[PDB]
């Protein structure tokens, strides 16, 4: 099975804030217990201020999973100086009704266009795998976005199709 993930486009002046919606489509009926992806960008043009949980990930898992208070279900790490932000959603709850199960907004990105950004300038907002090794000392990077679930402690991993977004600055 397979699932689509995509980032919307935005327009904003230099120094202004913008929003980008990250959406899932064709979420399998079996659901998503864990999902992991990176948002990559050019930090001379944009920086991310926050990333907020979306409607489809706003389930009972966040408040009922025992380990949620030790590590939040919707877990974000913004790395502007490294030119990326990493988004992980996961849960140990077995009840599939508490997993991500519908198409819609996964999360909302809020960022700021550089004060220096000249008119017409652009920057892609790409959705891709976090730059890390497959395992420690492997010497090979993680190459795909992760999305799926576990049954009998065995991973069922969906294929992920990514559509990137864009931020552009108008003229005056």
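Residue numbers count along the first chain shown, from 1.
For the pair 157-165 and 14-22, the mean B factor over Cα atoms is greater in 157-165. The stretch with the higher mean CA B factor, choosing between 129-137 and 52-60, is 129-137. Across the options 34, 111, 120, 104, the residue with the most elevated CA B-factor in the record is 120. Per the PDB record, 143 has a higher Cα B-factor than any other of 69, 143, 47, 146.
Among the modelled residues of its chain, residue 86 has a C-alpha B-factor that falls in the lowest third, as given in the PDB entry. Placement of the Cα temperature factor of residue 100 within the chain: middle third of the modelled residues, per the deposited record.
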